[PDB]
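A.B. asks: turn this into a model:
(4 chains, ligands or ions: 12)
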There are 4 protein chains.
Amino acid sequence: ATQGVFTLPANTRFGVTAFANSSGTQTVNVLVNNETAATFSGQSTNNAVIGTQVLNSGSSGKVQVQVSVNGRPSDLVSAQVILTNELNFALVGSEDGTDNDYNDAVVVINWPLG
Amino acid sequence: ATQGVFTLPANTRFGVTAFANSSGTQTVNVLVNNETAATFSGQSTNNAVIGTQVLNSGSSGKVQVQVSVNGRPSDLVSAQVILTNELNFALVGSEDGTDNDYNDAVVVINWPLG
Amino acid sequence: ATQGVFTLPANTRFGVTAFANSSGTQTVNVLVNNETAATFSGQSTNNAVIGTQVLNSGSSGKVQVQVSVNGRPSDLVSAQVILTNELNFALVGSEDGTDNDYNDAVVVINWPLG
Amino acid sequence: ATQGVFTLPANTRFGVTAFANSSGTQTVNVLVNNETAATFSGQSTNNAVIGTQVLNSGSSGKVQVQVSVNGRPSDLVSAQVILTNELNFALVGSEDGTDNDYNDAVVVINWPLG
Ligand SMILES: [C][C]1O[C](O[C]2[C]([C][O])O[C](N3=[C]C([C][O])=N[N]3)[C]([N]C([C])=O)[C]2[O])[C]([O])[C]([O])[C]1[O]
Ligand SMILES: [C][C]1O[C](O[C]2[C]([C][O])O[C](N3=[C]C([C][O])=N[N]3)[C]([N]C([C])=O)[C]2[O])[C]([O])[C]([O])[C]1[O]
Ligand SMILES: [C][C]1O[C](O[C]2[C]([C][O])O[C](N3=[C]C([C][O])=N[N]3)[C]([N]C([C])=O)[C]2[O])[C]([O])[C]([O])[C]1[O]
Ligand SMILES: C[C@@H]1O[C@@H](O)[C@@H](O)[C@H](O)[C@@H]1O
Ligand SMILES: [Ca+2]
Ligand SMILES: [Ca+2]
Ligand SMILES: [Ca+2]
Ligand SMILES: [Ca+2]
Ligand SMILES: [Ca+2]
Ligand SMILES: [Ca+2]
Ligand SMILES: [Ca+2]
Ligand SMILES: [Ca+2]
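C.D. replies: Numbers count the residues shown, from 1 in each chain, chains lettered A, B, ... in the order given. Ligands and ions are numbered 1, 2, ... in the order given. You can find the structure just below:
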């Protein structure tokens, strides 16, 4: 199934934050309505916050996360969870190798903000 | 129901990161085995990271997040979500006022690391 | 925070299913637009499906689950999770006593159907 | 990433319930320790419960859900979510066709029971 694609409320600000846990340098690209809106990168095996940014989901609300290492796309896992019918998290894990810890880049999208 | 309390696997490193979305200064306390292990404080209405740290869950695995604003305890919401049977998120929102956006401090715990 | 309240897309069929795990007879009421639309009762300590049914979310999309044991309301927990940006689960646990297993009545709402 | 595989606490009873939403007949196999422990089958486009059972997770706790339709395995999506640190749901959706609604067999595992 497709992973890393979320329909957010239209025209709404959201946070997107990436954490690294791998010997490989991660590159995280965040697309809004199919165009790159943020790129984060770094290399840590201790959960460094390699990027965090506030973006607007735009008129369609479509947000997609893709992760690569060495130009090679990582395998993604994702889900969205909503607490008390209002607080939202869109969650992504990714695997760049063979150990299947899926934490090599971790991306959290949260809304609403403010 | 109690919120903000999670049982992690014992003796396991985990990340904890907090964001703020309120006019009030947030104070986030993280307890491991009922003892304070990290404290973050800051103010933002734009989802700024007010702290990030790596902690060890110790022999009990018990981790608790508590949020207060000028000593006033915030009401919490929380859940844990596991992707591909590997990647864990323990998520907390909190409310310091009346609007019930529950984003006034948002805390993300993630494991495994590395 | 409020629990057991979910906003579904309007005029959409959804499934609601209740399980019991308690010595007390559970009463589960499912409200759509603040009016009872399904009701299930029963006693099990083995996860009996005390009822399942297909409902329509109607014009408001507002769905609320209430649980009681001989008229005494149980304490609720809930969340919603979305898989591959399309498959929705609204989840409820409830506690009728002191042990805080929160499984005394468990309710799962799922959509879309068909 | 692998989907439909969950590690439960060892030697713990859990409920498993399957719903169908497709023209095709669904066969759902539930494996414990890599051997089939239960099989459900049925056809519905109205979310009928095609099976429900209580099983033991056994010594290893490894539980896997597989879904077959028309002679081929369906594509799965899954996650686990824990409420109030007590109540566990392991959730599976599956796609047997081309519309990507992922509801063709929906499987809910819940624990603890009793
Ligand atoms: C730490 C770690 O990181 C990572 O892993 C890795 C892999 C994948 O990426 O890879 C490997 N390799 C590399 C090479 C070059 O040649 N080879 N092999 C590595 N190793 C070394 C020794 O280097 C590793 O590290 C991830 O995935 C994991 O999870 C961890 O984090
Ligand atoms: C922005 C916002 O923030 C917050 O809210 C707030 C409240 C609660 O906290 O409070 C109020 N107030 C304060 C005071 C002092 O005295 N009074 N009242 C505020 N307002 C003002 C004008 O200041 C507000 O702001 C939260 O909760 C929300 O959500 C938002 O974020
Ligand atoms: C099995 C169980 O169930 C339940 O718990 C119960 C409680 C709450 O509900 O309660 C009690 N009690 C009752 C009475 C009348 O008289 N008293 N006390 C019971 N016990 C007996 C002996 O009966 C119990 O059982 C729930 O919550 C739990 O979780 C379990 O399931
Ligand atoms: C009636 C249809 O049957 C199969 O084609 C399913 O894959 C569709 O999702 C739909 O349920
Ligand atoms: Ca890895
Ligand atoms: Ca890793
Ligand atoms: Ca607020
Ligand atoms: Ca706020
Ligand atoms: Ca109970
Ligand atoms: Ca019980
Ligand atoms: Ca389908
Ligand atoms: Ca279908």
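A.B. asks: nearest to ligand 7: which residue in chain A?
C.D. replies: residue A:114 (9.0 Å; C-beta to the ion). From N, CA and C alone the C-beta is placed, and that goes for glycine too.
A.B. asks: show me the contacts for that residue.
C.D. replies: Contact analysis of residue A:114 by C-beta atoms under 8 Å, 6 or more residues apart in numbering or on different chains lists A:13, B:21, B:45-46, B:101, B:103.
A.B. asks: stretch A:66-86 and ligand 5 in contact?
C.D. replies: No: if you take C-beta under 5 Å from the ion as the test, stretch A:66-86 misses ligand 5, and the best it gets is 8.6 Å.
A.B. asks: any part of that stretch near chain D?
C.D. replies: Yes: interface with chain D: stretch A:66-86 contributes A:75-77, A:79, A:81 (C-beta under 8 Å from any C-beta of the partner chain).
A.B. asks: which positions in that stretch come out as buried?
C.D. replies: By 16 or more other C-beta atoms under 10 Å in any protein chain shown, the buried positions in stretch A:66-86 come out as A:66-69, A:74-86.
A.B. asks: so where do the strands sit in chain A?
C.D. replies: Using DSSP state E, the strands of chain A run over residues A:5-7, A:13-20, A:26-32, A:35-42, A:48-56, A:62-69, A:72-73, A:75-83, A:87-95, A:105-111.
A.B. asks: can you name every helix or strand that the second one contacts?
C.D. replies: The reference is to strand A:13-20. Packing partners of strand A:13-20 (3 or more C-beta pairs under 8 Å, 6 or more residues apart in numbering or on different chains; DSSP states H and E): strand A:26-32, strand A:35-42, strand A:48-56, strand A:62-69, strand A:105-111, strand B:13-32, strand B:35-56.
A.B. asks: nearest to ligand 12, of those strands?
C.D. replies: That would be, of the helices and strands packed on strand A:13-20 and by C-beta to the ion, strand A:62-69, which comes in at 22.8 Å.
A.B. asks: and chain A, which residues reach chain C?
C.D. replies: With C-beta under 8 Å from any C-beta as the criterion, chain A meets chain C at residues A:1-3, A:5-7, A:78-85.
A.B. asks: closest to residue B:35 among those?
C.D. replies: residue A:83 (26.6 Å; C-beta to C-beta).
A.B. asks: quick one: contacts for the residue nearest to that closest one when sequence neighbours are not counted?
C.D. replies: Spatial nearest neighbour of residue A:83, excluding adjacent residues (C-beta to C-beta, 6 or more residues apart in numbering or on different chains): residue B:77 at 4.2 Å. For residue B:77, the contact set (C-beta under 8 Å, 6+ apart) comprises A:83-84, A:87, B:3, B:92-94, B:102, C:1.
A.B. asks: would you turn those residues into TSV with distance to residue C:109?
C.D. replies: TSV is the format used below for the contacts of residue B:77 (distance: C-beta to C-beta, whole Å):
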residue	distance to residue C:109
A:83	16
A:84	15
A:87	18
B:3	21
B:92	24
B:93	21
B:94	26
B:102	21
C:1	18
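A.B. asks: could you dump those residues to JSON lines with distance to ligand 4?
C.D. replies: Output for these, formatted as JSON lines (distance: C-beta to the nearest ligand atom, whole Å):
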{"residue": "A:83", "distance to ligand 4": "29"}
{"residue": "A:84", "distance to ligand 4": "31"}
{"residue": "A:87", "distance to ligand 4": "30"}
{"residue": "B:3", "distance to ligand 4": "36"}
{"residue": "B:92", "distance to ligand 4": "36"}
{"residue": "B:93", "distance to ligand 4": "34"}
{"residue": "B:94", "distance to ligand 4": "39"}
{"residue": "B:102", "distance to ligand 4": "34"}
{"residue": "C:1", "distance to ligand 4": "34"}
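A.B. asks: including distance to ligand 11, could those go into CSV?
C.D. replies: Listed next are these as CSV, based on distance: C-beta to the ion, whole Å:
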residue, distance to ligand 11
A:83, 28
A:84, 31
A:87, 30
B:3, 36
B:92, 35
B:93, 33
B:94, 39
B:102, 34
C:1, 34
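A.B. asks: thanks a lot, see you next time.
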